[PDB]
**Student:** 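Quick one: the structure is below, questions incoming.
Quick note: numbers below take in every heavy atom, side chains included, and nothing from hydrogens, waters or symmetry partners. Order of the sequence lines sets the chain letters (A, B, ...), proteins ahead of strands, with each chain counted from 1.
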2 protein chains.
Amino acid sequence: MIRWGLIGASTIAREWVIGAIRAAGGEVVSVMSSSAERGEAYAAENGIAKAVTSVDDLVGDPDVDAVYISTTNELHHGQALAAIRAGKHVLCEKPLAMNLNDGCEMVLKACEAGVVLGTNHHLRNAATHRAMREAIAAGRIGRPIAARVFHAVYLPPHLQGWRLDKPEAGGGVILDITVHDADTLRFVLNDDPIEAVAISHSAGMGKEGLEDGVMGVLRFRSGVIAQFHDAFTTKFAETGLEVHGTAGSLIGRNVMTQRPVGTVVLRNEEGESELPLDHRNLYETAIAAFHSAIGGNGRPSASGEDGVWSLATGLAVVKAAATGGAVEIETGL
Amino acid sequence: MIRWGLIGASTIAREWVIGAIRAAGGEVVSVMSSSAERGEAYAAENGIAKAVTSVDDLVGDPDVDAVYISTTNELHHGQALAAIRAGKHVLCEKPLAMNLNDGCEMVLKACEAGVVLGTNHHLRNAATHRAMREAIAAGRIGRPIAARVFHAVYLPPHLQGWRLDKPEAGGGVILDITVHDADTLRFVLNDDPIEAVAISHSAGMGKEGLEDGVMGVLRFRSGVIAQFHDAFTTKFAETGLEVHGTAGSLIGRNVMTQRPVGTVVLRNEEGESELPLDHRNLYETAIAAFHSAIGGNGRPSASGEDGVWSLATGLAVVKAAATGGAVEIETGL
Ligand SMILES: NC(=O)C1=CN([C@@H]2O[C@H](COP(=O)(O)OP(=O)(O)OC[C@H]3O[C@@H](n4cnc5c(N)ncnc54)[C@H](OP(=O)(O)O)[C@@H]3O)[C@@H](O)[C@H]2O)C=CC1
Ligand SMILES: NC(=O)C1=CN([C@@H]2O[C@H](COP(=O)(O)OP(=O)(O)OC[C@H]3O[C@@H](n4cnc5c(N)ncnc54)[C@H](OP(=O)(O)O)[C@@H]3O)[C@@H](O)[C@H]2O)C=CC1
């Protein structure tokens, strides 16, 4: 079996990724946590044989083949570099890095190391998004003209779960949600964004206010214009992703969550019908693709390059919102 | 009865406004058309006693009390000024004018003339939009956070209806659709937009291409961020208007057309339910309000000032799309 080591004893690894690794035929052999106590307790609760408290004891363990990183965002880049230096494959939760030169550097070093580097954008693995991508390529909507993304949800400010715990350094809806919208759009449209405009909302007067909502528009290389709406403050808005074309529209409802749910309708001259979907665990699909890539068959679902694309788009959106100006998206890949 | 004269022997006056005037207790006594033949034929077909071919014979007719203007956009400002000089009330199809100083001048001259000046933004008359406005003011969604407008429809390029007829000087989705979205948002939110960002699409390479789609964002004075999507090129997208708040969301579907149709759902902690609506002809409602205003009771549905607001927002959106920069919306009222 491919044996994984975890960097970050996280909620997402517990809820989704550990089970996904095992479902896809791998095994999770070790977990690294900055805290000895947290790592041991987490190892016992999730059936993992070993807990460590150094990154090097994780990535350097001869019996770890691959590393999954789900620590706080600012730790990703350096922990991925350590794994790559140890010659281990890396699946990294977004973001890869906090800036583009660091993200580009990762992709190059992984390539130079001969290891698989993946960004865990989960949504592009859903059968909903895959159906839309495939229907578009099959001409079922003629030429795509416009896209819409709805990702305005409710995330209580500060959690965790014991109360309103650790400092938790932000840092906003754009870098936490919009980047997933960007990657999913790139997947569905099979095309790249070239510029962004945006307006964002921060709580309380311009400050250390959490950026808690954003709306904007991406211009894609094809000419498609794609709007997005991401927030932490709206309880009663369902998520969605739509693509409107010259001969049809695809309407995805409830398709931007972590769970394998949601519908896609195709509307065209015949009327409306639901596309048939075989829903499957997004994370199971991501791990399977990663395992095939390690095997020298195929690529991760989202590559290091996709992660650089999502980071560049996010950074563009932050700048367009802050400056009021349209910003060109350039990856430096 | 209040007796109306028509300036423009138009599709909209035939389909909607003539019948609305009569339903609301007025009468249409004359029609002005630049063509004698068209005006006579139109008068006979629509049961109007008189056709003329000069604006002054229309506005100066002692038996016309009020004037409805639905000519080509560039004629509005000057024809409204003639009516106002003749001391007649004016209901003007959007736009009032092509620039802000001309729109502001109209409002002032109408006020100085002692006549009612209305802009015929039809949508704010619908029971759907009215229900949303009222539910918001009643606290049914807590504090509004975000709005979304969907107005991407199919309008064949060039019509008319005999084939692909007269030159028809454009001039785009922003000034033809976005301005109605703006006015409706102002009505529903009871608040003003203060800045815009946008990206627009023109057919064929940057040129004399028709601007045939736009997406953008308005920042409102309250802090609400409101996105819109308007187009001429999408056949299979339903229209809609939504408002998402801290304690609920209002979802309007099929509510941006001329017809008295559409639904509004309120989603909140109880679930989702349809708001009960008494649908009524939008134009009948607009005329009734105008007739009351002439009577010295109440105001037109949308005033001259609302028309200046819609024009300023439209002009901001054109500039933000052209320049890539956020533009502040200032009415000069
Ligand atoms: N709500 C969210 O957190 C969201 C997260 N993401 C993405 O998912 C990834 C992980 O997120 P998620 O699984 O939700 O995060 P968790 O809060 O479950 O874990 C993240 C990190 O916080 C630390 N931590 C966990 N529990 C405690 C505790 N009781 N006291 C102190 N520190 C603790 C852990 O440190 P250690 O590993 O050292 O034990 C862990 O690496 C991130 O990389 C992020 O990009 C995306 C959107 C929302
Ligand atoms: N599709 C549209 O036209 C849209 C219109 N609007 C708004 O509605 C208003 C009127 O629109 P609508 O009723 O659709 O326009 P119509 O095309 O029906 O009429 C507009 C003008 O075009 C002229 N016209 C009409 N028929 C002919 C013909 N056979 N040959 C030459 N000229 C002709 C008329 O001139 P005359 O009056 O001199 O007879 C008339 O004033 C406008 O002010 C605009 O702002 C808004 C969105 C879309």
**Student:** Check A/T234, A/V173, A/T239, A/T257 against A/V153 for a side-chain contact (heavy atoms from CB on, under 4.5 Å) and give me the one that passes.
**Tutor:** A/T239
**Student:** Heavy-atom distances under 4.5 Å only: say whether B/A226 touches chain A with side chain, backbone, both or neither.
**Tutor:** backbone
**Student:** Tell me, side chain or backbone of A/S200 under 4.5 Å from chain B's heavy atoms, or both, or neither?
**Tutor:**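 When you check distances to chain B, only backbone atoms of A/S200 fall under 4.5 Å.
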**Student:** Please determine whether a side-chain nitrogen of the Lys or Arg among B/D183 and B/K94 lies less than 4.0 Å from a carboxylate oxygen of the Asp or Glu.
**Tutor:** no
**Student:** Quiz question: by atom type and distance under 3.5 Å, do the side chains of B/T233 and B/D212 form a donor-acceptor pair?
**Tutor:**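 The answer is no; no qualifying pair exists.
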**Student:** Would you mind checking which part of B/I145 comes under 4.5 Å of any heavy atom in chain A, side chain (CB onward), backbone (N, CA, C, O), both or neither?
**Tutor:**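 When you check distances to chain A, only side chain atoms of B/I145 fall under 4.5 Å.
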**Student:** Considering only heavy atoms and a distance below 4.5 Å, find which of B/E269, B/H201, B/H229 pairs most often with chain A.
**Tutor:** B/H229
**Student:** Testing B/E272, B/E242, B/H244 one by one against B/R267 for a side chain to side chain donor-acceptor pair (under 3.5 Å), which residue passes?
**Tutor:** B/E272
**Student:** So which of A/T246, A/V224, A/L218, A/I225 has the largest heavy-atom pair count under 4.5 angstrom toward chain B?
**Tutor:**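 Of A/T246, A/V224, A/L218, A/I225, A/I225 has the most heavy-atom pairs under 4.5 Å with chain B.
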**Student:** Please classify the contact of A/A198 with chain B as side chain, backbone, both or neither, using a heavy-atom distance under 4.5 Å.
**Tutor:** backbone
**Student:** Could you go through residues 127-141 of chain B and list every donor-acceptor pair under 3.5 Å that involves a side-chain atom there, pairing it with any protein atom two or more places apart or in another chain?
**Tutor:**
| unit_1 | atom_1 | unit_2 | atom_2 | d |
| --- | --- | --- | --- | --- |
| B/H129 | NE2 | B/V255 | O | 2.9 |
| B/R133 | NE | B/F187 | O | 2.7 |
| B/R133 | NH2 | B/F187 | O | 2.8 |

**Student:** Measure distances from A/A231 to the heavy atoms of chain B and classify the residue's part below 4.5 Å as side chain, backbone, both or neither.
**Tutor:** neither
**Student:** Between B/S310 and B/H121, is any side-chain donor less than 3.5 angstrom from a side-chain acceptor?
**Tutor:**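 The criterion, which ignores hydrogens and geometry beyond distance, is satisfied for B/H121 and B/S310.
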**Student:** Under 4.5 Å heavy-atom distance to chain B, tell me which part of A/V214 shows up: side chain, backbone, both or neither.
**Tutor:**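 Looking at A/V214, just its backbone touches chain B.
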**Student:** With chain B as the partner, which of A/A237, A/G223, A/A146 has the greatest number of non-hydrogen pairs under 4.5 Å?
**Tutor:**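 Of A/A237, A/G223, A/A146, A/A237 has the most heavy-atom pairs under 4.5 Å with chain B.
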**Student:** Of the backbone (N, CA, C, O) and the side chain (C-beta and beyond), which part of A/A321 lies under 4.5 Å from a heavy atom of chain B, both, or neither?
**Tutor:**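 Contact with chain B is absent: no heavy atom of A/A321 under 4.5 Å.
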**Student:** Does atom CD (B/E274) have a neighbourhood of more than 12 heavy atoms from anything else shown, all under 6.0 Å?
**Tutor:**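 Atom CD in B/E274 is packed in, count exceeds 12.
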**Student:** Would you call B/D191 and B/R186 a salt bridge, using N to O less than 4.0 angstrom?
**Tutor:**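 Answer for the salt bridge query: no.
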**Student:** Look at B/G248, B/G216, B/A152, B/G325 and state which one has the largest set of heavy-atom pairs under 4.5 Å with chain A.
**Tutor:**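 Option with the greatest count: B/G248.
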**Student:** Please rank B/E238, B/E195, B/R219, B/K235 by heavy-atom pairs under 4.5 Å with chain A and give me the top one.
**Tutor:** B/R219
**Student:** May I ask you to check whether over 12 heavy atoms, not counting those of B/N101, lie within 6.0 Å of atom CG?
**Tutor:**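 Atom CG in B/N101 is not packed in, count stays at 12 or less.
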**Student:** Can you tell which part of A/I199 gets under 4.5 Å to a heavy atom of chain B, answering side chain, backbone, both or neither?
**Tutor:**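 Both backbone and side chain.
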